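Peer 1: For reference, this is input.txt, and it has compact mmCIF, N, CA and C atoms.
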# COMPACT_ATOMS: atom_id res chain seq x y z
N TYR A 1 142.35 52.47 52.93
CA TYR A 1 142.77 53.86 52.78
C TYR A 1 144.29 53.90 52.89
N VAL A 2 144.94 53.62 51.75
CA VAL A 2 146.38 53.38 51.74
C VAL A 2 147.15 54.59 52.26
N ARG A 3 146.68 55.79 51.93
CA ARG A 3 147.39 57.01 52.30
C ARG A 3 147.44 57.23 53.81
N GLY A 4 146.62 56.53 54.58
CA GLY A 4 146.67 56.61 56.03
C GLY A 4 147.68 55.72 56.70
N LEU A 5 148.50 55.01 55.93
CA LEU A 5 149.47 54.07 56.49
C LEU A 5 150.63 54.76 57.20
N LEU A 6 150.74 56.08 57.11
CA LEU A 6 151.82 56.82 57.76
C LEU A 6 151.34 58.01 58.58
N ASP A 7 150.10 58.46 58.41
CA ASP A 7 149.67 59.74 58.96
C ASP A 7 149.73 59.76 60.49
N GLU A 8 149.26 58.69 61.14
CA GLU A 8 149.20 58.68 62.60
C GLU A 8 150.59 58.74 63.22
N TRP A 9 151.55 58.03 62.63
CA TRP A 9 152.88 57.87 63.20
C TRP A 9 153.72 59.15 63.17
N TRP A 10 153.16 60.27 62.73
CA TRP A 10 153.86 61.55 62.76
C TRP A 10 153.71 62.29 64.08
N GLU A 11 152.97 61.73 65.04
CA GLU A 11 152.64 62.40 66.30
C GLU A 11 151.84 63.67 66.03
N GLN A 12 152.48 64.66 65.42
CA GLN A 12 151.76 65.75 64.78
C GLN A 12 151.42 65.27 63.37
N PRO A 13 150.15 64.95 63.09
CA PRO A 13 149.84 64.05 61.97
C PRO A 13 150.38 64.50 60.62
N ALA A 14 150.33 65.80 60.32
CA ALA A 14 150.78 66.28 59.02
C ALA A 14 152.30 66.22 58.94
N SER A 15 152.80 65.82 57.76
CA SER A 15 154.24 65.69 57.58
C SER A 15 154.91 67.05 57.42
N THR A 16 154.21 68.01 56.83
CA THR A 16 154.80 69.31 56.53
C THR A 16 154.34 70.43 57.45
N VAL A 17 153.29 70.22 58.24
CA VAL A 17 152.90 71.25 59.21
C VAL A 17 153.93 71.35 60.32
N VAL A 18 154.49 70.21 60.75
CA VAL A 18 155.65 70.26 61.64
C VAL A 18 156.83 70.90 60.92
N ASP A 19 156.91 70.73 59.60
CA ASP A 19 157.92 71.41 58.80
C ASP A 19 157.52 72.82 58.41
N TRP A 20 156.27 73.23 58.68
CA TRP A 20 155.76 74.50 58.18
C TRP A 20 156.63 75.67 58.61
N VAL A 21 157.25 75.58 59.79
CA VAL A 21 158.16 76.64 60.23
C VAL A 21 159.34 76.75 59.28
N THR A 22 159.90 75.61 58.87
CA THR A 22 160.94 75.63 57.84
C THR A 22 160.36 75.95 56.47
N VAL A 23 159.15 75.45 56.18
CA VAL A 23 158.52 75.70 54.89
C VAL A 23 157.97 77.12 54.81
N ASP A 24 157.88 77.83 55.94
CA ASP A 24 157.29 79.16 55.94
C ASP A 24 158.05 80.11 55.01
N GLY A 25 159.37 79.94 54.91
CA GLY A 25 160.15 80.77 54.00
C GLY A 25 159.71 80.62 52.56
N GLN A 26 159.36 79.40 52.15
CA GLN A 26 158.90 79.17 50.78
C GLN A 26 157.54 79.82 50.54
N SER A 27 156.66 79.80 51.54
CA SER A 27 155.37 80.46 51.40
C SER A 27 155.53 81.97 51.27
N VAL A 28 156.45 82.55 52.04
CA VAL A 28 156.68 83.99 52.00
C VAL A 28 157.45 84.42 50.75
N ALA A 29 157.86 83.46 49.91
CA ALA A 29 158.61 83.81 48.70
C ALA A 29 157.86 84.83 47.85
N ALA A 30 156.53 84.71 47.79
CA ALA A 30 155.73 85.75 47.15
C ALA A 30 155.83 87.07 47.92
N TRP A 31 155.81 87.00 49.25
CA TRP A 31 155.90 88.18 50.09
C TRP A 31 157.33 88.59 50.40
N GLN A 32 158.32 87.81 49.94
CA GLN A 32 159.71 88.21 50.11
C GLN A 32 160.00 89.51 49.38
N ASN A 33 159.45 89.66 48.17
CA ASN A 33 159.60 90.92 47.45
C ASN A 33 158.94 92.06 48.21
N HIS A 34 157.82 91.79 48.88
CA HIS A 34 157.19 92.83 49.70
C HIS A 34 158.15 93.34 50.77
N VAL A 35 158.96 92.44 51.34
CA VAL A 35 160.02 92.86 52.25
C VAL A 35 161.01 93.76 51.52
N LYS A 36 161.30 93.43 50.26
CA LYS A 36 162.13 94.31 49.44
C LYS A 36 161.44 95.66 49.22
N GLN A 37 160.12 95.65 49.00
CA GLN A 37 159.39 96.91 48.90
C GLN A 37 159.16 97.57 50.26
N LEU A 38 159.27 96.82 51.36
CA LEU A 38 158.95 97.38 52.67
C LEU A 38 160.07 98.27 53.19
N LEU A 39 161.25 97.70 53.41
CA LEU A 39 162.38 98.43 53.96
C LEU A 39 163.52 98.60 52.97
N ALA A 40 163.80 97.58 52.15
CA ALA A 40 164.90 97.67 51.21
C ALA A 40 164.65 98.74 50.15
N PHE A 41 163.43 98.81 49.61
CA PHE A 41 163.10 99.92 48.72
C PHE A 41 163.16 101.25 49.46
N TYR A 42 162.66 101.28 50.69
CA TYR A 42 162.80 102.49 51.51
C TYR A 42 164.26 102.81 51.75
N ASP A 43 165.08 101.78 52.02
CA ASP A 43 166.52 101.98 52.11
C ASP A 43 167.10 102.43 50.78
N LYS A 44 166.65 101.83 49.68
CA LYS A 44 167.19 102.16 48.36
C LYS A 44 166.91 103.62 48.00
N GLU A 45 165.68 104.08 48.25
CA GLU A 45 165.32 105.44 47.89
C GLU A 45 166.14 106.46 48.67
N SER A 46 166.38 106.20 49.96
CA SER A 46 167.15 107.13 50.77
C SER A 46 168.59 107.23 50.28
N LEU A 47 169.22 106.08 49.99
CA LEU A 47 170.59 106.10 49.50
C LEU A 47 170.69 106.52 48.04
N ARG A 48 169.59 106.42 47.28
CA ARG A 48 169.60 106.93 45.91
C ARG A 48 169.84 108.43 45.89
N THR A 49 169.33 109.14 46.88
CA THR A 49 169.56 110.58 47.01
C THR A 49 171.02 110.85 47.37
N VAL B 1 157.14 64.08 81.58
CA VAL B 1 157.59 64.67 80.32
C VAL B 1 156.56 64.44 79.22
N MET B 2 155.84 63.32 79.27
CA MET B 2 154.74 63.12 78.33
C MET B 2 153.65 64.15 78.54
N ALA B 3 153.34 64.47 79.80
CA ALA B 3 152.18 65.30 80.11
C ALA B 3 152.30 66.69 79.49
N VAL B 4 153.49 67.29 79.55
CA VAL B 4 153.68 68.60 78.93
C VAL B 4 153.52 68.53 77.42
N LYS B 5 153.75 67.35 76.82
CA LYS B 5 153.51 67.15 75.40
C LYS B 5 152.24 66.36 75.11
N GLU B 6 151.59 65.80 76.14
CA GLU B 6 150.32 65.12 75.96
C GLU B 6 149.16 66.08 75.77
N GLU B 7 149.39 67.38 75.93
CA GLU B 7 148.35 68.40 75.85
C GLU B 7 148.22 69.02 74.47
N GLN B 8 148.87 68.45 73.45
CA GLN B 8 148.73 68.92 72.08
C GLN B 8 147.87 68.01 71.22
N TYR B 9 148.21 66.72 71.14
CA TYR B 9 147.54 65.83 70.20
C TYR B 9 146.10 65.54 70.60
N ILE B 10 145.73 65.76 71.86
CA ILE B 10 144.36 65.50 72.29
C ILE B 10 143.39 66.41 71.55
N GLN B 11 143.70 67.70 71.49
CA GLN B 11 142.88 68.65 70.75
C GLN B 11 143.27 68.75 69.28
N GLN B 12 144.40 68.17 68.87
CA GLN B 12 144.75 68.12 67.46
C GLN B 12 143.81 67.24 66.65
N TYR B 13 143.00 66.41 67.32
CA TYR B 13 142.03 65.58 66.61
C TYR B 13 141.01 66.45 65.88
N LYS B 14 140.44 67.43 66.57
CA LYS B 14 139.45 68.31 65.96
C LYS B 14 140.13 69.44 65.19
N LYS B 15 141.09 69.10 64.33
CA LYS B 15 141.78 70.11 63.53
C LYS B 15 142.04 69.71 62.09
N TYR B 16 142.09 68.43 61.74
CA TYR B 16 142.61 68.01 60.44
C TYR B 16 141.62 67.23 59.60
N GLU B 17 140.87 66.30 60.18
CA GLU B 17 140.09 65.37 59.37
C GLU B 17 138.78 65.97 58.85
N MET B 18 138.41 67.18 59.28
CA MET B 18 137.19 67.79 58.77
C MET B 18 137.41 68.68 57.55
N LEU B 19 138.63 69.15 57.32
CA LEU B 19 138.89 70.15 56.30
C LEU B 19 139.67 69.61 55.11
N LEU B 20 140.85 69.03 55.34
CA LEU B 20 141.70 68.62 54.23
C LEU B 20 141.06 67.52 53.40
N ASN B 21 140.42 66.54 54.05
CA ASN B 21 139.83 65.42 53.33
C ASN B 21 138.74 65.85 52.36
N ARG B 22 138.16 67.04 52.55
CA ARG B 22 137.10 67.49 51.66
C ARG B 22 137.65 67.98 50.32
N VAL B 23 138.83 68.59 50.32
CA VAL B 23 139.24 69.44 49.20
C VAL B 23 139.88 68.52 48.17
N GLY B 24 139.03 67.81 47.43
CA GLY B 24 139.40 67.21 46.17
C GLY B 24 138.35 67.44 45.11
N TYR B 25 137.12 67.72 45.56
CA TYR B 25 135.97 67.87 44.68
C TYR B 25 135.57 69.32 44.47
N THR B 26 135.56 70.11 45.54
CA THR B 26 135.43 71.56 45.38
C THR B 26 136.53 72.15 44.50
N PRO B 27 137.82 71.77 44.63
CA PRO B 27 138.83 72.30 43.70
C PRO B 27 138.74 71.60 42.35
N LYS B 28 138.30 72.35 41.34
CA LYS B 28 138.32 71.84 39.98
C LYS B 28 139.74 71.55 39.51
N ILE B 29 140.73 72.19 40.14
CA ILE B 29 142.13 71.92 39.83
C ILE B 29 142.54 70.51 40.24
N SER B 30 141.98 70.00 41.34
CA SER B 30 142.51 68.79 41.96
C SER B 30 142.58 67.64 40.96
N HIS B 31 141.48 67.36 40.27
CA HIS B 31 141.48 66.31 39.26
C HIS B 31 140.67 66.68 38.02
N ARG B 32 140.17 67.90 37.90
CA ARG B 32 139.33 68.26 36.77
C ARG B 32 140.01 69.21 35.79
N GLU B 33 140.58 70.31 36.26
CA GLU B 33 141.08 71.30 35.32
C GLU B 33 142.60 71.40 35.31
N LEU B 34 143.24 71.43 36.48
CA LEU B 34 144.70 71.46 36.55
C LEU B 34 145.34 70.23 35.92
N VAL B 35 144.63 69.10 35.90
CA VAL B 35 145.11 67.94 35.16
C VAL B 35 145.23 68.26 33.68
N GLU B 36 144.58 69.34 33.21
CA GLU B 36 144.82 69.82 31.86
C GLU B 36 144.91 71.35 31.73
N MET B 37 145.09 72.10 32.83
CA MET B 37 145.38 73.53 32.71
C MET B 37 146.49 73.77 31.69
N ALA B 38 147.67 73.19 31.95
CA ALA B 38 148.74 73.19 30.97
C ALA B 38 148.35 72.41 29.73
N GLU B 39 147.71 71.25 29.92
CA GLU B 39 147.39 70.37 28.80
C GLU B 39 146.34 70.95 27.86
N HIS B 40 145.65 72.03 28.24
CA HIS B 40 144.88 72.76 27.24
C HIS B 40 145.81 73.45 26.25
N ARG B 41 146.89 74.05 26.76
CA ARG B 41 147.83 74.81 25.94
C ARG B 41 149.23 74.21 25.93
N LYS B 42 149.83 73.99 27.11
CA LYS B 42 151.25 73.70 27.17
C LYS B 42 151.63 72.38 26.51
N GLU B 43 150.67 71.52 26.19
CA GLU B 43 150.96 70.34 25.38
C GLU B 43 150.63 70.55 23.91
N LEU B 44 150.67 71.81 23.44
CA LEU B 44 150.68 72.06 22.00
C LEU B 44 151.87 71.41 21.31
N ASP B 45 152.95 71.13 22.06
CA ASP B 45 154.12 70.49 21.47
C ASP B 45 153.79 69.12 20.90
N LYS B 46 152.67 68.52 21.32
CA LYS B 46 152.19 67.31 20.68
C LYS B 46 151.89 67.53 19.20
N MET B 47 151.62 68.77 18.79
CA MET B 47 151.46 69.09 17.38
C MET B 47 152.21 70.34 16.94
N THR B 48 152.53 71.26 17.84
CA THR B 48 153.31 72.43 17.46
C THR B 48 154.76 72.06 17.17
N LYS B 49 155.31 71.07 17.88
CA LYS B 49 156.65 70.59 17.53
C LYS B 49 156.70 70.01 16.13
N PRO B 50 155.80 69.11 15.71
CA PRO B 50 155.86 68.62 14.32
C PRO B 50 155.70 69.70 13.26
N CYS C 1 152.25 17.51 93.61
CA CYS C 1 153.04 16.71 92.67
C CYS C 1 152.66 17.01 91.23
N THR C 2 151.36 16.94 90.91
CA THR C 2 150.90 17.30 89.58
C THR C 2 151.18 18.76 89.27
N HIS C 3 151.44 19.57 90.29
CA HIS C 3 151.74 20.99 90.15
C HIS C 3 153.24 21.24 90.07
N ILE C 4 154.01 20.66 91.01
CA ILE C 4 155.44 20.95 91.10
C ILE C 4 156.18 20.54 89.83
N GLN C 5 155.78 19.43 89.21
CA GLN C 5 156.41 19.02 87.96
C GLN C 5 156.10 19.99 86.82
N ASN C 6 154.99 20.72 86.90
CA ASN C 6 154.59 21.65 85.86
C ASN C 6 154.98 23.09 86.15
N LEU C 7 155.72 23.34 87.23
CA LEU C 7 156.18 24.70 87.52
C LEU C 7 157.09 25.21 86.41
N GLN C 8 158.04 24.38 85.98
CA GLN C 8 159.02 24.81 84.99
C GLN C 8 158.43 24.97 83.60
N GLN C 9 157.28 24.36 83.33
CA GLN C 9 156.71 24.34 81.99
C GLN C 9 155.41 25.13 81.86
N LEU C 10 154.56 25.12 82.88
CA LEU C 10 153.30 25.86 82.82
C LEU C 10 153.29 27.11 83.69
N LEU C 11 153.95 27.08 84.85
CA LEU C 11 153.97 28.25 85.72
C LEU C 11 155.11 29.19 85.34
N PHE C 12 156.35 28.69 85.38
CA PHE C 12 157.50 29.55 85.12
C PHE C 12 157.48 30.08 83.69
N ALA C 13 157.04 29.27 82.73
CA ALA C 13 156.90 29.75 81.37
C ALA C 13 155.88 30.88 81.26
N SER C 14 155.00 31.02 82.25
CA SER C 14 154.06 32.13 82.32
C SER C 14 154.38 33.12 83.44
N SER C 15 154.53 32.64 84.68
CA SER C 15 154.74 33.54 85.81
C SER C 15 155.97 34.42 85.61
N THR C 16 156.96 33.94 84.85
CA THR C 16 158.08 34.80 84.49
C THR C 16 157.63 35.95 83.60
N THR C 17 156.75 35.68 82.64
CA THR C 17 156.41 36.65 81.62
C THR C 17 154.93 36.97 81.50
N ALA C 18 154.07 36.40 82.35
CA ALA C 18 152.65 36.72 82.27
C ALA C 18 152.40 38.19 82.60
N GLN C 19 152.61 38.57 83.86
CA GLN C 19 152.36 39.94 84.29
C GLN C 19 153.19 40.99 83.55
N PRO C 20 154.47 40.77 83.22
CA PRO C 20 155.15 41.79 82.41
C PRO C 20 154.71 41.79 80.96
N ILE C 21 154.44 40.62 80.37
CA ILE C 21 154.12 40.55 78.95
C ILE C 21 152.75 39.91 78.72
N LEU C 22 152.59 38.64 79.11
CA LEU C 22 151.41 37.89 78.68
C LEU C 22 150.12 38.42 79.30
N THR C 23 150.15 38.82 80.57
CA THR C 23 148.96 39.45 81.15
C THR C 23 148.60 40.75 80.44
N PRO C 24 149.53 41.69 80.21
CA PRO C 24 149.20 42.84 79.36
C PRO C 24 149.49 42.58 77.89
N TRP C 25 149.54 41.32 77.47
CA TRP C 25 149.78 41.01 76.05
C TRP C 25 148.85 41.76 75.11
N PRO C 26 147.54 41.87 75.36
CA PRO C 26 146.74 42.81 74.56
C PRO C 26 147.21 44.25 74.70
N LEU C 27 147.78 44.62 75.85
CA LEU C 27 148.37 45.95 76.00
C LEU C 27 149.79 46.00 75.45
N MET C 28 150.47 44.86 75.35
CA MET C 28 151.78 44.81 74.71
C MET C 28 151.71 45.24 73.25
N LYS C 29 150.69 44.78 72.52
CA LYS C 29 150.61 45.15 71.11
C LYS C 29 150.25 46.61 70.91
N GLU C 30 150.00 47.38 71.97
CA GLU C 30 149.92 48.83 71.87
C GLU C 30 151.05 49.52 72.63
N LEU C 31 152.10 48.78 73.03
CA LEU C 31 153.33 49.43 73.44
C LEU C 31 154.10 49.97 72.24
N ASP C 32 153.83 49.44 71.04
CA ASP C 32 154.44 50.00 69.84
C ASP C 32 153.94 51.42 69.58
N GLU C 33 152.82 51.82 70.17
CA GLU C 33 152.48 53.23 70.23
C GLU C 33 153.03 53.92 71.47
N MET C 34 153.73 53.20 72.34
CA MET C 34 154.40 53.83 73.48
C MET C 34 155.84 54.19 73.10
N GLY C 35 156.67 53.18 72.84
CA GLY C 35 158.07 53.43 72.57
C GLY C 35 158.29 54.24 71.30
N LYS C 36 157.37 54.14 70.35
CA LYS C 36 157.52 54.81 69.07
C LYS C 36 156.71 56.10 68.97
N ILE C 37 155.60 56.22 69.70
CA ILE C 37 154.76 57.40 69.55
C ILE C 37 154.69 58.21 70.84
N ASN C 38 154.08 57.63 71.88
CA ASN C 38 153.77 58.42 73.07
C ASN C 38 154.96 58.56 74.02
N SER C 39 155.89 57.61 74.02
CA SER C 39 157.18 57.90 74.63
C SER C 39 158.01 58.82 73.74
N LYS C 40 157.73 58.84 72.43
CA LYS C 40 158.31 59.84 71.56
C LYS C 40 157.65 61.20 71.72
N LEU C 41 156.43 61.25 72.28
CA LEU C 41 155.87 62.52 72.71
C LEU C 41 156.74 63.17 73.77
N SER C 42 157.21 62.38 74.74
CA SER C 42 158.15 62.90 75.73
C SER C 42 159.43 63.37 75.07
N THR C 43 159.80 62.79 73.93
CA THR C 43 160.91 63.28 73.14
C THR C 43 160.48 64.29 72.09
N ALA C 44 159.18 64.34 71.75
CA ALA C 44 158.68 65.37 70.85
C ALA C 44 158.79 66.76 71.45
N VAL C 45 159.04 66.85 72.76
CA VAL C 45 159.33 68.13 73.39
C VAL C 45 160.58 68.76 72.78
N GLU C 46 161.46 67.96 72.18
CA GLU C 46 162.64 68.47 71.50
C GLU C 46 162.72 68.08 70.03
N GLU C 47 162.48 66.81 69.69
CA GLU C 47 162.89 66.32 68.37
C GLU C 47 162.10 66.97 67.24
N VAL C 48 160.78 67.05 67.36
CA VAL C 48 160.02 67.85 66.40
C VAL C 48 160.00 69.32 66.80
N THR C 49 160.18 69.63 68.08
CA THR C 49 160.15 71.01 68.53
C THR C 49 161.33 71.80 67.96
N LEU C 50 162.53 71.22 68.00
CA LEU C 50 163.69 71.92 67.44
C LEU C 50 163.51 72.18 65.95
N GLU C 51 162.73 71.34 65.27
CA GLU C 51 162.44 71.54 63.86
C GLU C 51 161.29 72.50 63.62
Kindly return the structure encoded in the file as structure tokens.

Peer 2:
Amino acid sequence: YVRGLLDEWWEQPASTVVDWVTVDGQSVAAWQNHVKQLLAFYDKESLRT
Amino acid sequence: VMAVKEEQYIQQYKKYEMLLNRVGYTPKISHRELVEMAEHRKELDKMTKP
Amino acid sequence: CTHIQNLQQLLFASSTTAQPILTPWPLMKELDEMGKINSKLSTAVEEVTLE
């Protein structure tokens, strides 16, 4: 099982789950626009007036 | 100092090897369809370019 | 006599390193999971934690 030659030595076995906190921004990239619709659009509408 | 960090990997065993290792056959994308999702269409250049 | 002549070759070659290394020699080959993994757990409190 060649792919197991590195998994154990990560302590936390997954290579990117320890990175998931840093990778979380990339996952929210779909929901980043929702942040734009959440407060920034609310901010935009108020200042549009 | 190990002990405060020895309390994670012990229960991390029952977290990874039951789920991820399964998902190659249930996902038709893994080796069945995504291997040609684009290749159904996006490799039209094999004949649309000529 | 048969012993004293062999102290430097059979005893000292072992008694120096048996209990630290050769006695736990089967445990020595899993110290590579100590200095690199489980002693790194004591450092995993920061090194992967800060990340």

Peer 1: Any chance you could tabulate, as CSV, the residues of chain B at most 10 Å from chain A with each one's nearest atom pair and distance in Å to one decimal, using only C-alpha atoms, in chain and rising number order?

Peer 2:
residue,atom,partner,partner_atom,distance
B:8,CA,A:12,CA,8.5
B:9,CA,A:12,CA,6.9
B:12,CA,A:12,CA,7.9
B:13,CA,A:13,CA,9.2
B:16,CA,A:13,CA,8.4

Peer 1: Rounded to one decimal place, report the CA of residue 46 in chain A-CA of residue 28 in chain A distance in Å.

Peer 2: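 Straight-line distance from CA of residue 46 in chain A to CA of residue 28 in chain A works out to 25.4 Å.
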
Peer 1: Sort by chain and increasing residue number a table of all residues of chain B within 8 Å of range 30-43 of chain C, each with its closest pair of atoms and their distance in Å to one decimal, counting only C-alpha atoms, and write it as CSV.

Peer 2:
residue,atom,partner,partner_atom,distance
B:1,CA,C:42,CA,5.0
B:2,CA,C:42,CA,4.3
B:3,CA,C:42,CA,7.8
B:4,CA,C:42,CA,7.9
B:5,CA,C:41,CA,5.9
B:6,CA,C:41,CA,6.9

Peer 1: So how many Å separate CA of residue 23 in chain A and CA of residue 44 in chain C, to one decimal?

Peer 2: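 Between CA of residue 23 in chain A and CA of residue 44 in chain C the gap is 19.0 Å.
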
Peer 1: Which one is closest to chain B: C:8, C:21, C:13, C:45? Count all atoms listed in the file.

Peer 2: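 Of C:8, C:21, C:13, C:45, the one nearest chain B, counting all atoms listed in the file, is C:45.
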
Peer 1: Pull out every residue of chain A sitting within 7 Å of chain C, counting only N, CA and C atoms, and send them as a VMD selection string.

Peer 2: chain A and resid 9 11 18 to 19 21 to 22
